[PDB]
Amino acid sequence: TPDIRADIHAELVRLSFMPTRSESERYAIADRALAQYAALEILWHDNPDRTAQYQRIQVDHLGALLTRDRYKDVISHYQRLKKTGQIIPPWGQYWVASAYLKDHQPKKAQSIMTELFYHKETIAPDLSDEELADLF
Amino acid sequence: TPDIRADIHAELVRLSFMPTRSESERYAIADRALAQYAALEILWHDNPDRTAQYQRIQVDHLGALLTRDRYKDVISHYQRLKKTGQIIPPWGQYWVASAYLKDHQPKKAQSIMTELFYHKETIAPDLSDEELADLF
Amino acid sequence: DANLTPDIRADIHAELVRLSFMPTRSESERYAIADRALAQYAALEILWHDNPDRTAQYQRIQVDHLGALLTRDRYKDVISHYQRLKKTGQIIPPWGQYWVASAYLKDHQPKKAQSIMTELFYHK
Amino acid sequence: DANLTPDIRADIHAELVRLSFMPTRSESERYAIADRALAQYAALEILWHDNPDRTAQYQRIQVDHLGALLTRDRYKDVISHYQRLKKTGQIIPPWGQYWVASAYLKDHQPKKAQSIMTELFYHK
Ligand SMILES: [Cl-]
Ligand SMILES: [Cl-]
Ligand SMILES: [Mg+2]
Ligand SMILES: [Mg+2]
Ligand SMILES: [Mg+2]
């Protein structure tokens, strides 16, 4: 049930990115999601049993804020999510880049896109647990 | 002055890693640092003007906890530092690995050492700010 | 033991493509390293085309090739190669989609670049 | 334009060493790719030794060589190469120190491995 409430929030945020929709309509659907959010924020804040779908709406919230052209809020919500050590999925980083750009702040948008597309190669000497141990 | 107080804390934590020193002595010097910490934690908690040297003692604290063989506390302090989105320097990760290992939990120690030694290569199409913009 | 050598040859192709994206480097240097990879490709293209035992290695270089084309500013070729790889129904990894978007954009074709980036971040 | 080719040859050496550390791979595969790099090295060793214009590229392969030796389980050689590179006063990057520690450890010499790791995390 909390899953489907987060699912509904997510759907609304996605419906907000319709270019088929005008500014009036976009803004109105962004609001339906901003509101569903405000409610669930409060309902779920102090609850370890709803920790999962809390984190989801936290990110989907970046979409709604951006859709309603509240650029500085997307950044401040991002920065607030950062300081909870929560991992922003890539699509969430796409949103905050868009925002950083529209706030006349492109260098930050670039650094986000850079950190999104790299290649990583380990240099881990295959060590046994007993060999890693003999190192401490 | 806060710099030199953090400097003193750091020095104590380093003096705790002397193998030249016995268990009694090690434990005693770990305590001098655990205490200096407890004080500075409180003195500095709600202070944006001391945010820098706060973060330093936060990490140096992992050393003292580990030196006094309080393995589970090093992990719980680490995990608490994680959820503040604070960046643990490599030497701090070395400490928490040692702890994860001594808590009979080696797979986590390995994953830390792995994430410490990699190679990273960007795949960033060099895009202009005006071209990154034309993408949003 | 038999996929080891071709694996490393595809691995070296990939590395060259990635070395071409180092922004520290000028146009002449970029172009030179892009060429080393465009060439490694042209060779392996021929060596492998009709070979089921290197079908995996073939497909890798096919995508890594998008990078080299883009790095050497051959935008229109990146798109034609993309569209050709699309019609073989093989997956373009995300980094590959980012590449073809950059190309679509530099070919003065931005609405199609957005459409690519849309499909690139889809989680439903 | 003249450091470009030697740069890419050192770059390819490095990549091979790194491909050797992929833990997905068996002993036979690891050993085979370690050899491709040990060989690339032996060639460049000779080609470059007495050449001030490739002194940079020379020094790179010198460190990357620690990886290949270690990957092929030639522990005692990693240490002797380390100690030889040490006496030329050139910096071993951190990842290089991690390598020689692993070697010192596998040569049943753990107290020296700790001493290396000590110097590896020093910030005072
Ligand atoms: Cl082509
Ligand atoms: Cl040798
Ligand atoms: Mg690489
Ligand atoms: Mg690649
Ligand atoms: Mg390397």
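Residues numbered from 1 in each chain as written, not as in the entry; some residues may be left out. Chains lettered and ligands numbered in written order. Heavy atoms only, no water. Residues with missing side-chain atoms left out of burial classes, pairs and counts.

Where the PDB entry is consulted, chain C appears under the name Poly-beta-1,6-N-acetyl-D-glucosamine export protein, with the organism given as Escherichia coli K-12. This entry's official PDB title is "Crystal structure of the PNAG binding module PgaA-TPR 220-359".

Chain A goes by Poly-beta-1,6-N-acetyl-D-glucosamine export protein in the PDB entry, where it is assigned to Escherichia coli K-12.

Undergrad: Even after reading the chapter, I still don't get the packing of helix α4 (residues 75-86) of chain C against helix α5 (residues 94-106) of chain C, so can you show me in this structure?
TA: All names here are of chain C. Where α4 meets α5, the axes come as close as 8 Å, and the angle between the chain directions of the two elements is 130 degrees. Judged on the interaxial angle alone, α5 and α4 are oblique. In terms of crossing hand, the pair formed by α4 and α5 is left-handed. Each of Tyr 75, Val 78, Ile 79, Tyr 82 and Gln 83 in α4 lies in contact with α5, whose residues at this interface are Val 100, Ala 103, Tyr 104 and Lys 106. Taken together, the residues of the contact of α4 with α5 break down into 7 nonpolar, 1 polar and 1 charged. (Axes fitted to C-alpha atoms, helices over the stretch in contact; angles between N-to-C directions. Helix = DSSP H or I, 4+ residues; strand = E, 2+ residues; numbered from the N terminus. Parallel < 35°, antiparallel > 145°, perpendicular 65-115°, else oblique. Left-handed = near helix turned anticlockwise from the far one by under 90°. Contact = heavy atoms within 4.5 Å. Nonpolar A, V, L, I, M, F, W, Y, C, P; charged D, E, K, R; others polar.)

Undergrad: Mind showing me how you'd approach the relation of the copies chain B and chain A here?
TA: Applying a rotation about an axis and a shift along it to one chain copy brings it onto the other copy. Under the fitted operation, chain B is carried onto chain A by 0.0 Å of movement along the axis and a turn of 180 degrees, and the coordinates agree to an RMSD of 0.0 Å. Both chain copies can therefore be described as sitting about a two-fold axis. Identified as the residue of chain B closest to the rotation axis by C-alpha distance is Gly 85 of chain B, at 2.1 Å. Taken together, the interface assignments show that 100% of the residues at the interface of chain B recur at the interface of chain A, consistent with an identical surface on both copies. (Least-squares fit on C-alpha atoms.)

Undergrad: Even after reading the chapter, I still don't get the interface of chain C and chain B, so can you show me in this structure?
TA: Contacts between the two partners involve 16 residues from chain C, matched on the other side by 12 residues from chain B. Interface area, chain C with chain B, both sides summed: about 1,300 Å², of which 66% is carbon and sulfur. Considering only the surface of chain C that becomes buried against chain B, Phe 21, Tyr 98 and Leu 105 of chain C emerge as the three largest contributors, covering 37% of it. For the pair chain C and chain B, the number of links is 2 salt bridges. The partner of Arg 18 of chain C in a salt bridge is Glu 121 of chain B, and the shortest N-O contact between them spans 3.3 Å. Top element by residues in the side of chain C that touches chain B is α5 of chain C. It accounts for 6 residues. Of the residues contributing to the side of chain C that touches chain B, the split by class is 11 nonpolar, 2 polar and 3 charged. (Buried area = accessible area lost by both parts, 1.4 Å probe. Salt bridge = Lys/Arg side-chain N within 4 Å of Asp/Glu carboxyl O.)

Undergrad: Would you take a moment to explain the interface of chain B and chain A for this structure?
TA: The figure often quoted for interface size is the accessible area lost as the parts come together. At the interface, 29 residues of chain B touch 29 residues of chain A. Of all elements in the fold, only α5 (90-102), α6 (106-116), β1 (118-122) and α7 (129-133) of chain B reach the threshold of two or more residues within the side of chain B that touches chain A. Of the residues contributing to the side of chain B that touches chain A, the split by class is 15 nonpolar, 8 polar and 6 charged. For strand β1 (residues 118-122) of chain A and β1 of chain B, the ladder comprises 5 bridges, and the chain directions are antiparallel. (Pairing = 2+ DSSP bridges.)

Undergrad: Would you mind showing me how to read the side chain of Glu 121 of chain A here?
TA: You can see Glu 121 of chain A is positioned in strand β1. Classification of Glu 121 of chain A by relative accessible area gives buried; the value is 9%. Other than its neighbours up to four places away in sequence, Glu 121 of chain A contacts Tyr 118 and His 119 of chain B, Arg 18 of chain C together with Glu 15, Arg 18 and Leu 19 of chain D. (Buried < 20%, exposed > 50% of the residue type's maximum accessible area, 1.4 Å probe, protein only.)

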